[PDB]
Amino acid sequence: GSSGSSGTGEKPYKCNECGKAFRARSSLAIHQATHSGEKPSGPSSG
Ligand SMILES: [Zn+2]
Numbered sequence: 001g002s003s004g005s006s007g008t009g010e011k012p013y014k015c016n017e018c019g020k021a022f023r024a025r026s027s028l029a030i031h032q033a034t035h036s037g038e039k040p041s042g043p044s045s046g
């Protein structure tokens, strides 16, 4: 694995969906726009 630690690193925003941490809101939002998912046309996967 990895330590994923480079000097400073404050996690002001935390995604209550997976566990991601962004520096600002905009950064968090853009991501939250990936979780959305329903009525999938093609369950072939899973
Ligand atoms: Zn997330």
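If you use the authors' numbering, the sequence shown corresponds to residues 1 to 46, in order. Virtual Cβ for every residue (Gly too), placed ideally from N, Cα, C.
Cβ separation of residue i and residue j, assumed to be a contact under 8 Å, to the nearest whole Å
i, j, result
"residue 35", "residue 22", "Incorrect: roughly 14 Å between the Cβ atoms, too far for contact."
"residue 48", "residue 15", "This structure leaves residue 48 out entirely; the chain is present only between 1 and 46."
Check: residue i C-beta below 6 Å from any heavy atom of ligand 1
i, result
"residue 20", "yes"
"residue 38", "no"
Length-filtered (4 minimum) alpha helix (DSSP H) runs lying within the stretch 16–46: 25–35
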